[PDB]
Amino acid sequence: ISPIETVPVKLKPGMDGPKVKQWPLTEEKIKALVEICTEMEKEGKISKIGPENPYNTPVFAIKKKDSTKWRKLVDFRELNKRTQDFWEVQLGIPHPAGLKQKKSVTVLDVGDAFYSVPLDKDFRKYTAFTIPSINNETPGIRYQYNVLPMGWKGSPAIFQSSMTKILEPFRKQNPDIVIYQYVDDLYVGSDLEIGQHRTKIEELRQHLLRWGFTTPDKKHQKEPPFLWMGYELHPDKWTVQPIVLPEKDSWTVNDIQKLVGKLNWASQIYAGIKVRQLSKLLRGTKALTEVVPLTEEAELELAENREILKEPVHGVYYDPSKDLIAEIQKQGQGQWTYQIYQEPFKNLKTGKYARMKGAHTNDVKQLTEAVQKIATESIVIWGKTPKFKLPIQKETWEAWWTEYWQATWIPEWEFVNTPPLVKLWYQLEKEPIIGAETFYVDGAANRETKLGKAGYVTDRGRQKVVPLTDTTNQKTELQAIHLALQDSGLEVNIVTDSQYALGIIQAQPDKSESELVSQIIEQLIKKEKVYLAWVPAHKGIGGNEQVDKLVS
């Protein structure tokens, strides 16, 4: 057990410890538990307790990836709710694309990591638990933890914090050695020759041992490929460990959820992964065991992903002396894929962006969101933003940020011609169109009624009113604009009193979750010139007053 000082911890104010009771376990988990507990007690990790301690929390056991060994777990859900809050110090996950090439690499792992860190003496009584004999012939033995238990809310942060303290003397003394520290897994790379490197490792292991952290040989990797964080590290490249996608004749909601997660995990190095059609299947469902038939689109999408995954891929490592470059391509239906590299055709990693933000948006906004996601990921992994290669003309972007009323920006980027390009699908005229018909549109619904009308009058004498059922105030106003675009020629001037409808359309959306707004977008794209003007309602303005008289 580490001689490191313990971290003081408290229960939330006014609360007590857990008094939950043990449940039955198979008398093969019990043997493993008794083997772990009798040995944990001899090492001082746990202590026998008695009836003066009135707390308890159930125990169970799952098996480790090393198949022979078991993992002891305590269902501390009740204790966790009553335990103080913590500030978690794990801020993210290291990525292999952020590693620099090293001459010598070692991967180490601590044995019994949590059980080597002592627990606050005053807190130990709350960790009371009872290991069970089958059939309750004998009463079980009660114990308490003296070290960090697996299942308690505070154990990960306290271990991570303590591990950082223990490592800090070695890091300060050796700034030429990089130590990636993830829980108890230590990646140690350097540019030393093999002999001096192994001496530094021996010294690091001995420093850990003095502080109570063993480094068993079974988890001491010294030769490539190194198994690390779900990857394989080679000297010049890295691969993700094999991804096996489920294959089913009948899919449930839960199966599809797992499939999408695997594909998301794969998208970090496999270029071109798409999950929109498969994730669409999850919408509107109400049970994880509900069988969902794959749509034709989802089958095609799945087959495309399967083709991509059958190819071998790898990432390379980071060269700080070269620029970072991020290239984005459009995939359709609000899906985007990117690659980050420094030399052409040698990806550091890949990724995808496909979030639908807002009810109405366009490709230029979504491209901007992809750029921002990539920029944040670049800061996290490499500490700097990359130079971008974007499938958008400079004229397009320039027309966007001059016409759009919100401030927006993109960092240094170079145009790359990889169709389909990102473009604006229409642009409203800044001045009225001479010779174009002028439509005065208006819609109105009755708030308690759920019935309304949309219509228009026209300087050319045309007029129209459609009655609407199960509508809203805002829908009728969109519906009135829909009619004007529907009945007008290639050029049209439209006057509305709905700030709501003007706000949507003036942002030039090319996609919408509303089918009504999507119909409007489709009509705007087919037009040649559109001028959209606003006037205040109920002020008897020429044109608007007559169409409002008529929607009544």
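Numbering starts at 1 and runs along the sequence shown.
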Quick note on 377-385 and 303-311: per-entry mean CA temperature factor is higher in 303-311
Per the PDB record, is the mean Cα temperature factor higher over 448-456 or over 349-357? 448-456
Kindly indicate the residue among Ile134, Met163, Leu478, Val371 with the greatest C-alpha B-factor in the PDB record. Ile134
Can you pull the Cα B-factors for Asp109, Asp363, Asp470, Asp319 from the entry and say which is highest? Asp470
So where's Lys42 on the chain's Cα temperature factor ranking, which third? highest
Once the chain's modelled residues are ordered by C-alpha B factor and cut into thirds, is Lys262 in the lowest, middle or highest one? lowest
Can you tell me which third, lowest, middle or highest, the CA B-factor of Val7 falls into for its chain? lowest
Lowest, middle or highest third - CA B-factor, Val34: highest
Is the Cα B-factor recorded for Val495 in the lowest, middle or highest third of its chain? middle
